[PDB]
>>> print(open('structure13.cif').read())   # mmCIF, N, CA and C atoms
data_input
#
loop_
_atom_site.label_atom_id
_atom_site.label_comp_id
_atom_site.auth_asym_id
_atom_site.auth_seq_id
_atom_site.Cartn_x
_atom_site.Cartn_y
_atom_site.Cartn_z
N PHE A 1253 0.83 -1.22 0.00
CA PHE A 1253 0.00 0.00 0.00
C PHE A 1253 0.87 1.28 0.00
N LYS A 1254 0.41 2.34 -0.68
CA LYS A 1254 1.10 3.65 -0.65
C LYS A 1254 1.06 4.27 0.77
N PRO A 1255 2.17 4.82 1.28
CA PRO A 1255 2.21 5.55 2.55
C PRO A 1255 1.53 6.92 2.44
N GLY A 1256 1.13 7.51 3.57
CA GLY A 1256 0.29 8.72 3.60
C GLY A 1256 0.90 9.96 2.94
N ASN A 1257 2.23 10.09 2.92
CA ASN A 1257 2.93 11.18 2.23
C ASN A 1257 2.95 11.05 0.69
N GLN A 1258 2.55 9.90 0.13
CA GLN A 1258 2.45 9.65 -1.31
C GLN A 1258 1.01 9.77 -1.87
N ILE A 1259 0.05 10.24 -1.06
CA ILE A 1259 -1.36 10.40 -1.46
C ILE A 1259 -1.66 11.86 -1.83
N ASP A 1260 -2.17 12.09 -3.04
CA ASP A 1260 -2.61 13.41 -3.50
C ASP A 1260 -4.14 13.54 -3.32
N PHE A 1261 -4.57 13.95 -2.12
CA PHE A 1261 -5.95 13.79 -1.64
C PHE A 1261 -7.04 14.33 -2.58
N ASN A 1262 -6.79 15.42 -3.29
CA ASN A 1262 -7.75 15.99 -4.25
C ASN A 1262 -8.08 15.02 -5.41
N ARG A 1263 -7.17 14.15 -5.84
CA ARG A 1263 -7.43 13.17 -6.92
C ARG A 1263 -8.34 12.04 -6.44
N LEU A 1264 -8.16 11.59 -5.19
CA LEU A 1264 -8.96 10.52 -4.58
C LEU A 1264 -10.35 11.01 -4.15
N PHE A 1265 -10.46 12.25 -3.67
CA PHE A 1265 -11.63 12.74 -2.91
C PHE A 1265 -12.30 14.00 -3.52
N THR A 1266 -12.10 14.28 -4.82
CA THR A 1266 -12.99 15.19 -5.58
C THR A 1266 -14.41 14.61 -5.74
N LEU A 1267 -14.55 13.29 -5.65
CA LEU A 1267 -15.83 12.57 -5.62
C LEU A 1267 -16.00 11.84 -4.27
N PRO A 1268 -17.24 11.68 -3.75
CA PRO A 1268 -17.51 10.85 -2.57
C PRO A 1268 -17.01 9.40 -2.74
N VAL A 1269 -16.68 8.73 -1.63
CA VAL A 1269 -16.24 7.31 -1.62
C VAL A 1269 -17.35 6.31 -1.99
N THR A 1270 -18.60 6.77 -2.09
CA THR A 1270 -19.83 5.98 -2.27
C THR A 1270 -19.84 5.07 -3.52
N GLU A 1271 -19.07 5.40 -4.56
CA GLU A 1271 -19.08 4.71 -5.86
C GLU A 1271 -17.70 4.23 -6.34
N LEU A 1272 -16.71 4.13 -5.44
CA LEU A 1272 -15.41 3.51 -5.72
C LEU A 1272 -15.50 1.97 -5.85
N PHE A 1273 -16.60 1.36 -5.42
CA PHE A 1273 -16.83 -0.08 -5.36
C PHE A 1273 -18.22 -0.46 -5.89
N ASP A 1274 -18.39 -1.71 -6.33
CA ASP A 1274 -19.68 -2.26 -6.76
C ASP A 1274 -20.58 -2.60 -5.54
N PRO A 1275 -21.75 -1.95 -5.35
CA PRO A 1275 -22.65 -2.22 -4.22
C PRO A 1275 -23.09 -3.68 -4.05
N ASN A 1276 -23.03 -4.49 -5.11
CA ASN A 1276 -23.42 -5.90 -5.08
C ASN A 1276 -22.37 -6.82 -4.42
N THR A 1277 -21.12 -6.38 -4.27
CA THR A 1277 -20.00 -7.26 -3.85
C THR A 1277 -18.88 -6.56 -3.05
N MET A 1278 -18.86 -5.22 -2.98
CA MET A 1278 -17.95 -4.40 -2.16
C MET A 1278 -16.45 -4.49 -2.51
N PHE A 1279 -16.09 -5.09 -3.65
CA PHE A 1279 -14.76 -4.92 -4.25
C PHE A 1279 -14.65 -3.56 -4.95
N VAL A 1280 -13.53 -2.88 -4.73
CA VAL A 1280 -13.18 -1.60 -5.36
C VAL A 1280 -12.90 -1.80 -6.85
N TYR A 1281 -13.31 -0.87 -7.71
CA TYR A 1281 -13.07 -0.94 -9.15
C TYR A 1281 -11.58 -0.84 -9.53
N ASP A 1282 -11.18 -1.50 -10.62
CA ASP A 1282 -9.77 -1.72 -11.01
C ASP A 1282 -8.94 -0.43 -11.12
N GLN A 1283 -9.54 0.66 -11.60
CA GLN A 1283 -8.88 1.95 -11.83
C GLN A 1283 -8.27 2.56 -10.55
N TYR A 1284 -8.80 2.24 -9.37
CA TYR A 1284 -8.31 2.75 -8.09
C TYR A 1284 -7.20 1.87 -7.46
N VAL A 1285 -6.98 0.64 -7.93
CA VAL A 1285 -5.96 -0.26 -7.39
C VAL A 1285 -4.53 0.30 -7.52
N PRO A 1286 -4.02 0.68 -8.71
CA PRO A 1286 -2.66 1.24 -8.84
C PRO A 1286 -2.51 2.64 -8.22
N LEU A 1287 -3.61 3.35 -7.98
CA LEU A 1287 -3.64 4.62 -7.24
C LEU A 1287 -3.43 4.43 -5.72
N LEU A 1288 -3.66 3.23 -5.18
CA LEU A 1288 -3.57 2.90 -3.75
C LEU A 1288 -2.47 1.88 -3.40
N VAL A 1289 -2.05 1.04 -4.36
CA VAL A 1289 -1.09 -0.07 -4.16
C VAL A 1289 0.06 0.00 -5.19
N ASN A 1290 1.30 -0.13 -4.72
CA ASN A 1290 2.50 -0.30 -5.55
C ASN A 1290 2.68 -1.77 -5.97
N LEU A 1291 3.12 -1.99 -7.21
CA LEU A 1291 3.28 -3.29 -7.87
C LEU A 1291 4.55 -3.28 -8.75
N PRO A 1292 5.21 -4.43 -8.99
CA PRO A 1292 6.44 -4.48 -9.79
C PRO A 1292 6.19 -4.28 -11.30
N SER A 1293 7.27 -4.04 -12.05
CA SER A 1293 7.21 -4.00 -13.52
C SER A 1293 6.81 -5.36 -14.12
N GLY A 1294 6.01 -5.34 -15.19
CA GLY A 1294 5.51 -6.54 -15.86
C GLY A 1294 4.42 -7.33 -15.11
N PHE A 1295 3.90 -6.80 -14.00
CA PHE A 1295 2.89 -7.46 -13.16
C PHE A 1295 1.52 -7.59 -13.85
N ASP A 1296 0.83 -8.71 -13.63
CA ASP A 1296 -0.53 -8.94 -14.13
C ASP A 1296 -1.58 -8.21 -13.26
N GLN A 1297 -2.01 -7.02 -13.68
CA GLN A 1297 -2.89 -6.15 -12.89
C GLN A 1297 -4.26 -6.77 -12.56
N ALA A 1298 -4.73 -7.77 -13.32
CA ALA A 1298 -5.97 -8.49 -13.03
C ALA A 1298 -5.86 -9.47 -11.84
N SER A 1299 -4.65 -9.76 -11.35
CA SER A 1299 -4.40 -10.76 -10.30
C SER A 1299 -4.65 -10.28 -8.86
N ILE A 1300 -4.85 -8.98 -8.63
CA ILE A 1300 -5.01 -8.36 -7.30
C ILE A 1300 -6.17 -7.33 -7.29
N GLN B 903 7.35 -13.97 -30.03
CA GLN B 903 7.59 -15.43 -30.01
C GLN B 903 8.34 -15.83 -31.27
N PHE B 904 9.28 -16.74 -31.08
CA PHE B 904 9.97 -17.49 -32.14
C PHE B 904 9.16 -18.74 -32.41
N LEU B 905 9.72 -19.59 -33.26
CA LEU B 905 9.14 -20.85 -33.75
C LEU B 905 8.97 -21.85 -32.60
N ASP B 906 9.68 -21.67 -31.53
CA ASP B 906 9.70 -22.70 -30.45
C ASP B 906 8.65 -22.35 -29.40
N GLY B 907 7.80 -21.33 -29.60
CA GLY B 907 6.74 -20.95 -28.65
C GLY B 907 7.22 -20.03 -27.54
N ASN B 908 8.51 -19.66 -27.55
CA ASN B 908 9.15 -18.86 -26.47
C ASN B 908 9.25 -17.41 -26.93
N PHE B 909 9.20 -16.50 -25.98
CA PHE B 909 9.31 -15.06 -26.21
C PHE B 909 10.79 -14.67 -26.13
N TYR B 910 11.25 -13.81 -27.03
CA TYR B 910 12.61 -13.22 -26.96
C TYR B 910 12.47 -11.70 -26.96
N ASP B 911 13.43 -11.04 -26.29
CA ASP B 911 13.50 -9.56 -26.15
C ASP B 911 14.98 -9.18 -26.07
N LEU B 912 15.29 -7.93 -25.78
CA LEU B 912 16.69 -7.40 -25.76
C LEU B 912 17.57 -8.20 -24.80
N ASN B 913 17.04 -8.68 -23.68
CA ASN B 913 17.85 -9.31 -22.60
C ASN B 913 17.91 -10.83 -22.70
N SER B 914 17.32 -11.45 -23.72
CA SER B 914 17.29 -12.92 -23.82
C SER B 914 18.70 -13.52 -23.88
N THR B 915 18.86 -14.67 -23.24
CA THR B 915 20.04 -15.55 -23.35
C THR B 915 19.63 -16.97 -23.72
N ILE B 916 20.61 -17.69 -24.26
CA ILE B 916 20.73 -19.15 -24.32
C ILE B 916 22.07 -19.52 -23.68
N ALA B 917 22.05 -20.43 -22.71
CA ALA B 917 23.27 -20.91 -22.06
C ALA B 917 23.96 -19.69 -21.49
N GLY B 918 23.20 -18.65 -21.16
CA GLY B 918 23.74 -17.50 -20.41
C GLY B 918 24.35 -16.45 -21.32
N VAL B 919 24.37 -16.72 -22.63
CA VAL B 919 25.05 -15.85 -23.64
C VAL B 919 23.98 -14.93 -24.22
N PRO B 920 24.14 -13.60 -24.10
CA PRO B 920 23.10 -12.70 -24.61
C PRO B 920 22.95 -12.94 -26.11
N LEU B 921 21.73 -13.01 -26.62
CA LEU B 921 21.52 -13.23 -28.07
C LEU B 921 21.72 -11.94 -28.85
N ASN B 922 21.37 -10.78 -28.30
CA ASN B 922 21.58 -9.49 -28.98
C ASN B 922 20.94 -9.57 -30.37
N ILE B 923 19.65 -9.85 -30.38
CA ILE B 923 18.87 -10.10 -31.60
C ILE B 923 18.72 -8.77 -32.35
N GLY B 924 18.45 -7.69 -31.64
CA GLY B 924 18.35 -6.43 -32.41
C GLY B 924 16.95 -5.88 -32.50
N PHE B 925 16.08 -6.22 -31.57
CA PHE B 925 14.75 -5.60 -31.44
C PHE B 925 14.94 -4.10 -31.29
N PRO B 926 14.01 -3.28 -31.82
CA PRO B 926 14.08 -1.82 -31.74
C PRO B 926 13.72 -1.32 -30.34
N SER B 927 14.11 -0.07 -30.05
CA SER B 927 13.52 0.74 -28.97
C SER B 927 12.90 2.01 -29.55
N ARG B 928 11.61 2.24 -29.33
CA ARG B 928 10.87 3.44 -29.79
C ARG B 928 10.52 4.33 -28.60
N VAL B 929 10.69 5.65 -28.73
CA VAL B 929 10.39 6.62 -27.66
C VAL B 929 9.00 7.24 -27.85
N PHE B 930 8.23 7.30 -26.77
CA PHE B 930 6.96 8.03 -26.66
C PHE B 930 7.08 9.10 -25.57
N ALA B 931 6.68 10.34 -25.88
CA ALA B 931 6.99 11.52 -25.07
C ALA B 931 5.92 12.62 -25.13
N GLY B 932 5.81 13.40 -24.05
CA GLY B 932 4.93 14.56 -23.93
C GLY B 932 4.07 14.59 -22.66
N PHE B 933 4.05 13.49 -21.90
CA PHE B 933 3.23 13.30 -20.70
C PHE B 933 3.46 14.39 -19.62
N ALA B 934 2.40 14.82 -18.94
CA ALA B 934 2.38 16.01 -18.09
C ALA B 934 1.79 15.79 -16.68
N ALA B 935 2.00 16.77 -15.79
CA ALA B 935 1.47 16.77 -14.42
C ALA B 935 -0.05 16.97 -14.36
N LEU B 936 -0.67 16.42 -13.31
CA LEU B 936 -2.13 16.36 -13.15
C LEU B 936 -2.77 17.68 -12.66
N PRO B 937 -4.06 17.94 -12.96
CA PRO B 937 -4.84 19.07 -12.40
C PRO B 937 -5.03 19.50 -10.92
N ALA B 938 -4.16 19.09 -10.00
CA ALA B 938 -4.30 19.37 -8.55
C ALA B 938 -4.37 20.87 -8.20
N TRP B 939 -3.86 21.74 -9.07
CA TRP B 939 -3.85 23.20 -8.93
C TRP B 939 -5.24 23.86 -9.07
N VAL B 940 -6.21 23.23 -9.74
CA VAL B 940 -7.45 23.90 -10.22
C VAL B 940 -8.21 24.67 -9.13
N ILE B 941 -8.49 24.06 -7.97
CA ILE B 941 -9.32 24.70 -6.93
C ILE B 941 -8.57 25.82 -6.18
N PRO B 942 -7.34 25.61 -5.66
CA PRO B 942 -6.52 26.70 -5.14
C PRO B 942 -6.31 27.86 -6.12
N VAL B 943 -6.08 27.57 -7.41
CA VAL B 943 -6.02 28.57 -8.49
C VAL B 943 -7.35 29.31 -8.65
N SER B 944 -8.50 28.63 -8.61
CA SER B 944 -9.80 29.28 -8.80
C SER B 944 -10.24 30.14 -7.59
N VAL B 945 -9.82 29.78 -6.37
CA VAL B 945 -9.92 30.66 -5.19
C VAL B 945 -8.97 31.85 -5.32
N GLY B 946 -7.72 31.61 -5.74
CA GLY B 946 -6.71 32.63 -5.97
C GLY B 946 -7.14 33.69 -6.97
N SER B 947 -7.72 33.16 -8.04
CA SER B 947 -8.20 34.08 -9.06
C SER B 947 -9.30 34.99 -8.51
N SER B 948 -10.25 34.45 -7.78
CA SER B 948 -11.32 35.24 -7.18
C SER B 948 -10.77 36.27 -6.21
N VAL B 949 -9.85 35.87 -5.31
CA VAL B 949 -9.23 36.78 -4.36
C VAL B 949 -8.45 37.86 -5.11
N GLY B 950 -7.73 37.56 -6.08
CA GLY B 950 -7.01 38.51 -6.91
C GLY B 950 -7.91 39.55 -7.54
N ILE B 951 -9.10 38.96 -8.15
CA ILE B 951 -10.06 39.86 -8.76
C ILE B 951 -10.62 40.82 -7.70
N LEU B 952 -10.89 40.24 -6.50
CA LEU B 952 -11.38 41.07 -5.41
C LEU B 952 -10.35 42.12 -5.00
#
>>> encode(input="structure13.cif", output="structure tokens")
Amino acid sequence: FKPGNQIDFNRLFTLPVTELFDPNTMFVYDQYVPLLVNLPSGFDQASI
Amino acid sequence: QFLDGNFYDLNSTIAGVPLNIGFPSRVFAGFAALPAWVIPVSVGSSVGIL
């Protein structure tokens, strides 16, 4: 996970948190994963 | 992929010996910083106008 000094709060929170995830299953949508978690080069982004 | 089903790139070896096949490198450029300035700038502009 990204540490608190690496978060640009206006990019995450210009919209409410209400729609970052699917209401049917509570998993967060794929576009927000690399914004919150660091991953290596060549990584399969569908795996996490 | 080559004929043997395996992928080769700039760093490929056989028996530890670099193949140095000669794949190209292409540059893509122009990418820029994000809009984080917009709201502080739009307050600034109003205060300035005032």
>>> residues_around(input="structure13.cif", residues="residue A:1255", least_positions_apart="3", cutoff="12 Å", atoms="only C-alpha atoms", output="list in words")
residues 1258, 1259, 1260, 1287, 1288, 1289 and 1290 of chain A
>>> atom_distance(input="structure13.cif", atom1="atom N of residue A:1282", atom2="atom N of residue B:930")
26.7 Å
>>> closest_atom_pairs(input="structure13.cif", of="chain A", to="chain B", cutoff="12 Å", atoms="only C-alpha atoms", output="CSV")
residue,atom,partner,partner_atom,distance
A:1259,CA,B:938,CA,11.8
A:1260,CA,B:938,CA,8.0
A:1261,CA,B:938,CA,9.0
A:1262,CA,B:938,CA,6.5
A:1263,CA,B:938,CA,7.1
A:1264,CA,B:938,CA,10.8
A:1265,CA,B:938,CA,11.4
A:1266,CA,B:938,CA,10.1
>>> write_last_selection(input="structure13.cif", atoms="N, CA and C atoms", output="tab-separated table (two decimals), keeping the file's coordinate frame")
chain	number	residue	atom	x	y	z
A	1259	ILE	N	0.05	10.24	-1.06
A	1259	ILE	CA	-1.36	10.40	-1.46
A	1259	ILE	C	-1.66	11.86	-1.83
A	1260	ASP	N	-2.17	12.09	-3.04
A	1260	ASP	CA	-2.61	13.41	-3.50
A	1260	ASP	C	-4.14	13.54	-3.32
A	1261	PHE	N	-4.57	13.95	-2.12
A	1261	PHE	CA	-5.95	13.79	-1.64
A	1261	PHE	C	-7.04	14.33	-2.58
A	1262	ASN	N	-6.79	15.42	-3.29
A	1262	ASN	CA	-7.75	15.99	-4.25
A	1262	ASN	C	-8.08	15.02	-5.41
A	1263	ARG	N	-7.17	14.15	-5.84
A	1263	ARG	CA	-7.43	13.17	-6.92
A	1263	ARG	C	-8.34	12.04	-6.44
A	1264	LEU	N	-8.16	11.59	-5.19
A	1264	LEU	CA	-8.96	10.52	-4.58
A	1264	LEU	C	-10.35	11.01	-4.15
A	1265	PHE	N	-10.46	12.25	-3.67
A	1265	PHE	CA	-11.63	12.74	-2.91
A	1265	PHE	C	-12.30	14.00	-3.52
A	1266	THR	N	-12.10	14.28	-4.82
A	1266	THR	CA	-12.99	15.19	-5.58
A	1266	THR	C	-14.41	14.61	-5.74
>>> atom_distance(input="structure13.cif", atom1="atom CA of residue A:1281", atom2="atom CA of residue A:1268")
14.2 Å
>>> atom_distance(input="structure13.cif", atom1="atom N of residue B:927", atom2="atom N of residue B:911")
11.6 Å
>>> residues_around(input="structure13.cif", residues="residue B:923", least_positions_apart="3", cutoff="8 Å", atoms="all atoms listed in the file", output="ChimeraX atom specification")
/B:911-914,920,926
>>> select_by_dssp(input="structure13.cif", residues="chain A", states="helix (DSSP H, G or I)", output="MDAnalysis selection string")
chainID A and resid 1256:1258 1261:1265 1269:1271 1282:1288 1297:1299
>>> select_by_dssp(input="structure13.cif", residues="chain B", states="strand (DSSP E or B)", output="PyMOL selection string")
chain B and resi 915-916+919-920
